[PDB]
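Position 1 is the first residue of the sequence, and the numbers go up from there. Every heavy atom of this structure was used, including side-chain atoms; hydrogens, water molecules and symmetry mates were not.
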Amino acid sequence: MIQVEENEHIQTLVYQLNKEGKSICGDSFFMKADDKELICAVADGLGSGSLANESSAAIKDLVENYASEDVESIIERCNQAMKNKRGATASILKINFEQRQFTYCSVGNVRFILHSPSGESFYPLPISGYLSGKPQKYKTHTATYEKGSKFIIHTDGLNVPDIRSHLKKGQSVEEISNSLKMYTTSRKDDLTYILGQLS
Ligand SMILES: [Mn+2]
Ligand SMILES: [Mn+2]
C-alpha cells in the first residue's frame, strides 16, 4: 500500500505491507495535514493480525479524535485504551507549519528520524516497553525545524540502520521510498512507514 499527499507545507508518502500470511495489519497509522498543522501517528499492536490491529486501530481512532491536544495528552489517552487489549508501541508527531515547530512523543520500538539541510539529524533512542494501560512518564521533544527538513516514522518491520543516509541522499519522498524497497520484500513482520518532506 502507498499513499501520497501534498500541500504548500509538506509532501508525504505512507507505505504499509502486512506480515506474511496476514490479511489485516497489526500496525496502524493516522495522518492529517491541513493549512496549519500536521498530526501523524504510527502504532504497532503487539503481535500481528487481527488482535494486534484491535490495539493499534484504537490508537488510530483516538489520535484522529484528539488531534488538537498536545502529544503527551494524546499518547496517555492511547495508553488508557490499551487496558483490556494486547497493547501497542506508538509514536505521535505534531507539526505547526507557521512556527516550523514539531512536538514528538513515543513509547516502544517505533522510530522517528528527522534530517535537516544542515546535515544534522534528530533520531532519539526508542523508549522501552509498550502502551499497556499502566502508568507511564512520557518524554516530549519540542524543536524548530529548518526549511527542507525530511523525516521518517517507521515500525520495527522496517530495519534500516543507515536510514539517515537514505534521507540525506534522496531528493524526494518518492525517491527515498524507492531506495527503501529492498527492505520491504521479506514480510517477516508488519511494516509501516511515513515519509515527509517539509517546506
Ligand atoms: Mn505488531
Ligand atoms: Mn512490529
Side-chain angles (χ1 to χ4, degrees), residues 1-17 27-44 63 67-72 74-75 89-127 138-185 191-199:
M1 182 215 84
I2 292 165
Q3 176 179 21
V4 176
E5 188 155 328
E6 71 181 61
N7 69 5
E8 183 184 340
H9 313 300
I10 196 176
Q11 183 175 73
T12 59
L13 185 153
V14 182
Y15 177 93
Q16 190 173 76
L17 177 59
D27 293 352
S28 296
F29 63 89
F30 181 75
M31 185 165 62
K32 179 182 75 182
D34 56 39
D35 192 48
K36 280 74 76 177
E37 61 193 340
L38 181 76
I39 175 78
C40 183
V42 176
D44 179 355
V63 175
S68 295
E69 292 192 329
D70 65 38
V71 294
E72 216 161 78
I74 299 169
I75 205 167
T89 58
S91 292
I92 308 178
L93 173 69
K94 286 181 71 168
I95 302 179
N96 183 283
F97 297 134
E98 173 254 278
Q99 290 162 206
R100 287 191 173 82
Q101 185 175 78
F102 74 92
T103 49
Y104 182 72
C105 189
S106 177
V107 174
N109 196 15
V110 182
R111 291 174 184 265
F112 171 57
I113 302 92
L114 185 134
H115 165 264
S116 85
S118 294
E120 294 158 353
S121 308
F122 177 64
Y123 53 113
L125 303 168
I127 304 309
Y138 302 105
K139 277 195 182 173
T140 297
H141 184 84
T142 304
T144 303
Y145 63 87
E146 176 176 0
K147 291 176 56 273
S149 290
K150 289 175 275 214
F151 67 84
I152 190 171
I153 298 171
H154 69 87
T155 63
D156 60 16
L158 180 71
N159 188 358
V160 191
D162 199 25
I163 187 62
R164 283 174 286 119
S165 74
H166 290 257
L167 297 176
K168 182 169 183 181
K169 280 169 187 167
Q171 296 196 91
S172 65
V173 298
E174 188 80 24
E175 183 186 353
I176 297 160
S177 192
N178 290 337
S179 77
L180 293 172
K181 175 72 184 314
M182 64 184 159
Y183 300 115
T184 71
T185 59
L191 190 165
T192 305
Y193 63 83
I194 302 183
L195 283 159
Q197 169 62 64
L198 292 155
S199 308

- For a side-chain contact (heavy atoms from CB on, under 4.5 Å) with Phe151, tell me which candidate from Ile113, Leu195, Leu198 qualifies.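 Only one of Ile113, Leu195, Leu198 forms a side-chain contact (heavy atoms from CB on, under 4.5 Å) with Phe151, namely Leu198.
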
- Task: Please say which of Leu38, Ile95, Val71 ends up in a side-chain contact (heavy atoms from CB on, under 4.5 Å) with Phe102.
- Result: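 Among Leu38, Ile95, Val71, the one that satisfies the side-chain contact (heavy atoms from CB on, under 4.5 Å) with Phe102 is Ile95.
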
- Can you name the side-chain hydrogen bond (donor to acceptor under 3.5 Å, both in side chains) partners of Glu6, sequence neighbours left out?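 If we apply the side-chain hydrogen bond (donor to acceptor under 3.5 Å, both in side chains) test to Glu6, skipping adjacent residues, the hits are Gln11.
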
- Does anything in residues 145-156 pair up under side-chain hydrogen bond (donor to acceptor under 3.5 Å, both in side chains), and if so which pairs, sequence neighbours excluded?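 Pairs touching residues 145-156 that pass the test: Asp27-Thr155, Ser118-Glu146.
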
- Message: Less than 6.0 angstrom separating the ring centers of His115 and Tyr123, yes or no?
- Response: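 Aromatic pair excluded; centres sit 6.0 Å or further apart.
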
- Task: Please name all residues satisfying ring pair (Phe, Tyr, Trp, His ring centres under 6.0 Å) with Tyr193, sequence neighbours left out, ordered by chain then number.
- Result: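 Once residues adjacent in sequence are excluded, the partners of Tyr193 under the ring pair (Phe, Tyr, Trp, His ring centres under 6.0 Å) criterion are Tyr15.
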
- Task: With sequence neighbours excluded, tell me which residues meet side chain to side chain contact (heavy atoms under 4.5 Å, CB included) with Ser106.
- Result: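 With neighbours one apart ignored, the set is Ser91, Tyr104.
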
- Message: Going by side chain to side chain contact (heavy atoms under 4.5 Å, CB included), name the residues that satisfy it together with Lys32, two or more places apart in sequence or in a different chain.
- Response: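 For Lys32, the residues satisfying side chain to side chain contact (heavy atoms under 4.5 Å, CB included) (neighbours in sequence not counted) are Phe30, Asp34, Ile39, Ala67.
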
Drop me the distance from [X]'s [atom1] to [Y]'s [atom2], to the nearest 0.5 angstrom.
X      : Y      : atom1 : atom2 : value
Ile194 : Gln16  : CD1   : CD    : 9.0 Å
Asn96  : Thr142 : CG    : OG1   : 11.5 Å
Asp44  : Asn109 : CG    : CG    : 8.5 Å
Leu114 : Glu120 : CG    : CD    : 11.0 Å
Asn159 : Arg111 : CG    : CZ    : 8.0 Å

What closest approach, in Å, do [X] and [Y] show between heavy atoms, and which atom pair accounts for it?
X      : Y      : result
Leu191 : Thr184 : CD1-CA, 3.9 Å
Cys105 : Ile75  : SG-CG2, 3.8 Å
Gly170 : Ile176 : CA-CG1, 3.8 Å
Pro124 : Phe112 : CD-O, 3.5 Å
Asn7   : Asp35  : ND2-N, 4.4 Å
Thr89  : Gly108 : CG2-CA, 3.6 Å

- Item | salt bridge (charged side-chain N to carboxylate O under 4.0 Å, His left out) involving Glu69 - partner list, sequence neighbours excluded |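 Result, salt bridge (charged side-chain N to carboxylate O under 4.0 Å, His left out) vs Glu69: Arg77.
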
Please answer whether the main-chain N or O of [Y] pairs with a side-chain N or O of [X] as donor and acceptor at a distance below 3.5 Å.
X      : Y      : result
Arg164 : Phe122 : no
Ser199 : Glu8   : yes
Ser177 : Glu174 : no

- Message: Run the side chain to side chain contact (heavy atoms under 4.5 Å, CB included) test on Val63 and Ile92 for me, step by step, so that the C-alpha distance in whole Å, both residues' side-chain angles and the decisive distance to 0.1 Å come before the verdict.
- Response: CA-CA 8 Å; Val63 175; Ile92 308 178; 4.3 Å; yes

- Query: Do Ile152 and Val160 pass the side chain to side chain contact (heavy atoms under 4.5 Å, CB included) test, and can you show the C-alpha distance, the side-chain angles, and the key distance before you say yes or no?
  - Reply: CA-CA 11 Å; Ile152 190 171; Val160 191; over 6 Å; no

- Task: Kindly indicate, with the supporting measurements, whether the criterion side chain to side chain contact (heavy atoms under 4.5 Å, CB included) is fulfilled by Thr12 and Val173.
- Result: CA-CA 7 Å; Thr12 59; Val173 298; over 6 Å; no

- Steps toward side chain to side chain contact (heavy atoms under 4.5 Å, CB included) verdict (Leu180, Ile163): CA-CA 9 Å; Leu180 293 172; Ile163 187 62; 4.0 Å; yes

